[PDB]
Amino acid sequence: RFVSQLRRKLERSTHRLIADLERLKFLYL
Amino acid sequence: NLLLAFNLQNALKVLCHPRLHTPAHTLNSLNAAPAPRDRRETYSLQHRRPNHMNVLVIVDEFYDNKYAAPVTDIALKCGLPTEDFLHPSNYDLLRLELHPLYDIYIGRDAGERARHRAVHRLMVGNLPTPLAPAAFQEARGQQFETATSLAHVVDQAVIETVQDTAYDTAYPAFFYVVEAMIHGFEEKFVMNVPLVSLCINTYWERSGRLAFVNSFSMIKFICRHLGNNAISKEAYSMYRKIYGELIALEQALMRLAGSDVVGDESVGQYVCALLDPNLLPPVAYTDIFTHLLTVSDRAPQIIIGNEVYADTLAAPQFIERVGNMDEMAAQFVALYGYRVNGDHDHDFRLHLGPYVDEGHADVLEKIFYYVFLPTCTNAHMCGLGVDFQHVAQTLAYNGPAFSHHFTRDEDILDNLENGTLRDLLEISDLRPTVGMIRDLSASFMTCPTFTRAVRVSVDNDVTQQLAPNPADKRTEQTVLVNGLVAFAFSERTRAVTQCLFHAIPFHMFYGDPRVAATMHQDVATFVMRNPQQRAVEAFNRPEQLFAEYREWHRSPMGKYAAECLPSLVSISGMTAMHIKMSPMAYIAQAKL
Amino acid sequence: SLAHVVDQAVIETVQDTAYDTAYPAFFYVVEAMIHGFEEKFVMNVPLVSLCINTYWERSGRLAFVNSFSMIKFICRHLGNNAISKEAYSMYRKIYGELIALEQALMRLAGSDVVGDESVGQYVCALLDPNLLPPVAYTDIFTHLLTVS
Amino acid sequence: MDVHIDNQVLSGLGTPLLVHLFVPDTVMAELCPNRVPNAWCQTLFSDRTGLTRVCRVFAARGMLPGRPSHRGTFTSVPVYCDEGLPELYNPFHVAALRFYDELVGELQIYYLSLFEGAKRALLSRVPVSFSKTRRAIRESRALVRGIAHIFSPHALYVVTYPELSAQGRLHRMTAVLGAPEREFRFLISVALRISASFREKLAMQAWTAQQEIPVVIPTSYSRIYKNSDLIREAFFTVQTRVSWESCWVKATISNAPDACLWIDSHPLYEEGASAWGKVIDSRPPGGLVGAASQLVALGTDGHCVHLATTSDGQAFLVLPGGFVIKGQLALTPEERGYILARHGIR
Amino acid sequence: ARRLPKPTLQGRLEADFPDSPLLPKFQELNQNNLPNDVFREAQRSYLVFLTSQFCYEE
Amino acid sequence: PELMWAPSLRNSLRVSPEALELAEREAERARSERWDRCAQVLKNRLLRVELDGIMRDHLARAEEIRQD
Amino acid sequence: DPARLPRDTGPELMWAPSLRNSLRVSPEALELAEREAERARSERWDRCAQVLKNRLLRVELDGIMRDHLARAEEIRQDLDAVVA
């Protein structure tokens, strides 16, 4: 059982990242 | 025949009632009057909000094609003594002075009926020079010195050397660009230890007096760092005495404050204005704007170009933190694209640092910017603003710092081309070898882009929040973000630095026309046509930048700071006139 | 509350400067040459700093205090160790005392204004624009009869 | 939270679901001077304009939130626009309040600013208020959340809390514009037709003044006010942002109760948003000469334009200088009933 | 609505120092979207940005 | 002395035929600018109030992340 | 038919000159206010220019931010179907 950890950390890294993209959007306007 | 004393403390059974503090009865009596004052003022009644954000258009636009020079009535009061203030010729000023806590103005009949509006006088020094002369304030400071048993660590010598430092016409403008590139960051300052360790050393050898006193962050860093025989000893002792003065004065102020609390919070924010955290220092490099939104019970509104920001949860929408420069390395080119492809007018984003967590609770730079500096130097400095891009183009479009095969420890003044850095370093005459100019230029990776000015409007304290008009329970304050306050300019300095600095007369202590007319050739015509404006009390300032009625420090403070003799008694008098006029301010004044 | 930044010793230096019968005439021919403006002044900066710093040592007194424009320049153009500290501090004291007296006069005249202009030209002859300095090098005349 | 359970059992007749809210004192201070109000709900539709019945909202001020961070007044907004099932939300849909003590100040709020934050914040016996007992046990911080206001750029706190099924249905609702687009266009439409009436009254006459109100005028009046200086008369129509505060509607609301005069006075050029909707009184013992003193004090205003409306259907525009231009007020009486239902009852 | 006047910055560095390691990271720009002088000052800003980059990395 | 025209009701304004017909048109030109600037700031706060909704929905979807 | 007079004071009669029937005008203050308000009016015209352009930039911005989720959704639906 080793697939349920790397996948999880990478989707946590992208769910922080989509908030960073909306933060860059708020940085634009 | 008993010798009964009548102290102040037995009069607190009448001096602490709210009926002394509500002006609602006297505004009912003034607004029902059948013949109000015909001479209305309309100079600094209401702070109008700017639509744009850059302050160069506000200053240049304000002084462009201007021939009207009106003055407010509070500045009209403190220019004449007691004996003629009560004269029947000055009834027009005597008509409105009818309450010590309220300098009631009339405003304008722009609507239907001009209403007498009352703004609360916050501290005790806002009483006019007629009804509270300056020698009385210096003698109250001498009462304050013996009432708290203050130990002044400063002698006359440090006060006079900072005094003629701020009267040096040939002050090095390169020190301004060093202050601008560091701008109050610890990790940036350790990059410039061999810079400033050469700067203030050669200033101490050329002129004998000390440098960099025009900012709290630099002198605080000089107190923390560089004590390791970097500067000469007698130069460093001045900075150590200056930093010891602020902690000693704050200890005296809390000895005045006493060990009593209301609810759970201390009473120290009621009795004084320096110990009140809601008062903000006039120059903020790090963030404090998110900080006081977490600690204040009275609701502040940090108006950033008609953008309110009244709540703490919307922090990154209005202000971003640059943090330290190590985590920004992924977004260096992103921040550069924000520089070159950003519309800075109508940009309501503040580029500040993180709030530093010191135990002092932000009282030391308030003391240094408010009671120390405008009294040892008689209110003769102004708050300029830098353009970071132009100084960035200055410090890196030179010869030796670009090539990187020019070696480090060679003089820069014999191989730098005939740029503006050459005439910047020629009029100052220091020899910064290349490499200490390299990281000086490399600080640009996380310097800001512009020095915005912002009008924080904090409400009054609950003791003195008794006005009926809900727009005048707020006492606003401008704070000039990211720019440094600075002394007078040479014309040789101004001609080579008109492309680097622009002056902002924002505060009552820090808007002065003797210094502003040097580094700005718009007010240099304005006071040429209106020479009576050259006084610091009657100087006109933009009401979208500085509302004099809606301000913590009014024009009597500028009258006292311009004419005090810079010494111990003046410093103690100025820190003794920042006491508020609250009922518990009267309590803590009656105790001591 | 006119604060005197000048002291008695500076008055003694400028006094025995003027009372020095052995004043070097080279300052007079230089002041004939560098008349008025500063662009002529900036091409003789090592000359004026040399002849000030040798008169600060051959005698004790200072020089070039005969004209005002020299003090105006030396307050604003020198001070980069072209001249000594003890000599330049006197000129900085002089130019501080002049603006100190100016602000003393502006605190005398007060915030009064009649006909949207100050009463300073009426209360005091030395604030009147129609008073002129006896040493003139610029167009003060054509400037004068536009403001008068 | 006293007003929350004070109009939750009274407004339940006219409205199914009731929202609990806060207004900060700082945001509503420019609605009313000296906090003189101490309400009336009237929600207008975006695409479905119409008219609706007025609902009463009990609000009490001077009482703080549970938070010590901000201290402001209490309020409540009814939601009754959603027809039948309230599962649909109308987006970009305003709700308008008439808060008052003695009718002063107006508040407009979107439904979207309300609903997005409401989901964000998450051998007898005597009768007991079951809602009052259920309200008392939450008493926590996170019931209140701060939400920005699109009309006026401030944070408007709403308090919602897992009380009962009535709020329980509320956060489960979702659905798939033009609501402030109409009221500005309507007011500028009637302002354009009034300025056209003044245009034809200056046109059928000579371009002259009749000067109903006497006032003395200097010789330099054609200098210090330039020739055909109608800069204020140009920009008057841009300066009328409000109508329901204006005196233009004060004539229409006073036709049924008899006839006095009303004044809309504005600054010659941006001297401040001066004044809207005042009275010229012939009723009290000030009398007609007392009203004439007010009218000559009006004509002597040298730095303000003036517009006059009578309750019987006539409109006047008083220039600074005592000059006046007569005009007509009459409009289609559908818009009379529209304004009369916008304010209150017909 | 406007910014400060420009500093002097006489001559050009790119026409003086061909041995600079930041020179290959300089030519990622485009002349043809703007006039010559505004592109010149944009080149100045990009050059001082990369100079600060080189000083910061060293 | 300074002379003031006494108030009679035959006192005419300075004659203005050309004053108003360009005035109302430039008034509406400034009025449309005022209105779409207000509509722009309305739409800016309107997109900022809707944007937190989809982020709150994503943070609600992040619940199912925690058990996977 | 007008007539020009310096002064009077305080009548009961409505059409009679006075100090109370004098309009309080100041030509200097109104002219400055006008000149400044004209400048404000001039600055009011040139804000309605390029919100079309910033709207196009935010449209292409939300396009490239939808690109990341359109990338990530299929990769997240691939990595859980290998459980067979």
(message) Averaged across orientations, what area in nm² does the convex hull of the alpha carbons in chain B project?
(response) 29.6
(request) Quick one: which residues, 5+ away or cross-chain, put their amide H under 5 Å from the amide H of D:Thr73? H built at 1.01 Å from N. (result) D:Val23, D:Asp25
(request) Quickly work out the E:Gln43-to-B:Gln143 label distance, labels modelled 7 Å from Cα along the C-beta direction, and quote it in nm with one decimal. (result) 7.1
(request) With r as the distance between the Cβ atoms of D:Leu123 and B:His344 and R0 = 60 Å, compute the FRET efficiency 1/(1 + (r/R0)^6) and round to 0.05. (result) 0.15
(message) Tell me the net charge near B:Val386. Cut-off is 15 Å between Cβ atoms, B:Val386 excluded, with +1 for each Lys or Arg and -1 for each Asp or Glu.
(response) +4
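Taking the Cβ-Cβ separation of B:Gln156 and B:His360 as r and a Förster radius of 41 Å, what is the calculated FRET efficiency to the nearest 0.05?
Details: r = 27 Å, r/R0 = 0.65.
The value I calculate is 0.95.
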(request) Principal axes first, then extents: for the Cα atoms of region C:43-148, list largest minus smallest coordinate on each axis, whole Å, largest first. (result) 54, 29, 22
(request) Write out the GluC sites (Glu not before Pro) in region F:25-68 meeting two conditions: DSSP loop, and at most 16 other Cβ atoms within 10 Å of their Cβ. (result) none
(request) For the protein assembly as shown, would you read off the P(r) tail past 54 Å as a percentage of all alpha carbon pairs? (result) 32
(request) Quickly work out the B:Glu265-to-C:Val135 label distance, labels modelled 7 Å from Cα along the C-beta direction, and quote it in nm with one decimal. (result) 6.2
(message) Run the paramagnetic zone check for C:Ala104: 7 angstrom along Cα to Cβ, then residues of region B:563-590 with backbone nitrogen under 18 Å.
(response) B:563-566
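Tell me, Kirkwood radius of region B:262-313 from alpha-carbon pair distances, in Å?
Radius from the Kirkwood sum: 12.4 Å.
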(request) List every residue whose amide H lies under 5 Å from the amide H of D:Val318, counting only residues 5 or more places away in sequence or on a different chain, with H placed 1.01 Å from N in the peptide plane. (result) D:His306, D:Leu307, D:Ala308
(request) For region D:268-285, just list the computed ³J(HN,Hα) in residue order, Karplus coefficients 6.51, -1.76 and 1.60, θ = phi - 60°, integers in Hz, with x standing in for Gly and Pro. (result) 4, 8, 6, 8, x, 6, 5, 6, 8, x, 10, 10, 10, 9, 10, 4, x, x
(message) Tell me the angle of helix E:36-57 to the major Cα principal axis of chain E, expressed in degrees between 0 and 90 and rounded to the nearest ten.
(response) 30
(request) Using only Cα atoms, locate the centre of region C:26-40 and the centre of region B:521-592, then give the distance between them in Å, rounded to an integer. (result) 43
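So which of A:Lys25/F:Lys43; B:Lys188/B:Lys366; B:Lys241/B:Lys366; B:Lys559/B:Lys591; B:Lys220/B:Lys241; B:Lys366/B:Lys591 end up more than 19 Å apart by C-alpha?
On the way: A:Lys25/F:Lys43 15 Å; B:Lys188/B:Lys366 23 Å; B:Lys241/B:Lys366 17 Å; B:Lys559/B:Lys591 29 Å; B:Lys220/B:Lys241 11 Å; B:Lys366/B:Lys591 25 Å.
Table pairs above 19 Å Cα-Cα are B:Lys188/B:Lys366; B:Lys559/B:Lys591; B:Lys366/B:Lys591.
Name the helices (complete DSSP H segments) of chain B with a Cα length along the long axis of 15 Å or more and a Kyte-Doolittle mean of at least -1.0, or state none.
On the way: long enough: B:134-147 (19 Å, -0.74); B:193-206 (19 Å, 0.44); B:233-257 (35 Å, -0.03).
Membrane-span-like by this criterion, though nothing is claimed about a membrane: B:134-147, B:193-206, B:233-257.
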(message) I need the per residue convex hull volume for region B:538-581, using only the alpha carbons, in cubic angstrom as a whole number.
(response) 83
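In the neighborhood of B:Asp60, defined by Cβ-to-Cβ distances under 10 Å, what is the net charge if each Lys or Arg adds +1 and each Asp or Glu adds -1? Present the calculation step by step, with values, prior to reporting the outcome.
On the way: positive: E:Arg2; negative: B:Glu61, B:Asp64, B:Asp522.
Result for the local shell: -2.
Wrap a convex hull around the Cα atoms of chain D, take a quarter of its surface area, and give that in square nanometres. Don't jump to the answer; show the numbers that get you there.
Details: hull surface 91.9 nm².
Result: 23.0 nm².
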(request) State, to one decimal in nm, how far the label point of C:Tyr28 lies from the label point of D:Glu83, with both points 7 Å from Cα in the Cβ direction. (result) 10.7
(request) Can you grab the distance from the C-alpha centre of region B:127-190 to the C-alpha centre of region F:1-53, Å, no decimals? (result) 51
(message) Using a Cα-Cα cut-off of under 26 Å, which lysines could be cross-linked to D:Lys278, ignoring same-chain neighbours fewer than 8 residues away?
(response) D:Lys201, D:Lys250, D:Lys326
(request) Counting residues in region B:415-530 as N, plug N into 2.2 N^0.38 Å and put the Cα Rg over that result. (result) 1.50
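Would you mind getting me the FRET efficiency between D:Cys32 and E:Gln10? Use the beta-carbon distance for r and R0 = 60 Å, nearest 0.05.
Numbers: r = 62 Å, r/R0 = 1.04.
Efficiency at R0 = 60 Å is approximately 0.45.
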(request) Take the Cα atoms of region D:80-229, build their convex hull, and give its volume per residue in Å³. (result) 302
(request) Name the residue farthest towards the positive end of the dipole of chain D from the options D:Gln167, D:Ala155, D:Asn34, assuming +1 on Cβ of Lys and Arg, -1 on Cβ of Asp and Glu, about the Cα centre. (result) D:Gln167
(request) Name the residues whose placed amide hydrogens come within less than 5 Å of the amide hydrogen of D:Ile147, ignoring near sequence neighbours (fewer than 5 apart) on the same chain. (result) D:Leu156, D:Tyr157, D:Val158
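Taking only C-alpha pairs under 8 Å that are 6+ residues apart, what is the relative contact order of chain B in percent?
For chain B, the relative contact order is 27 percent.
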(message) Loop only by DSSP, 12 or fewer other Cβ within 10 Å of the Cβ. Give me the chymotrypsin sites (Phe, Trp or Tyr not before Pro) in region D:291-346 that pass, ordered by residue number.
(response) none
(request) Count the net charge of all other residues whose Cβ sits under 11 Å from the Cβ of B:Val485, scoring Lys and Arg as +1 and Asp and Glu as -1. (result) -2
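We did not get these values from a lab; they are worked out from the coordinates using the rules stated. Here the Cβ is made from the backbone with ideal geometry for all residues, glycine too, and neighbour counts use every protein chain on show.
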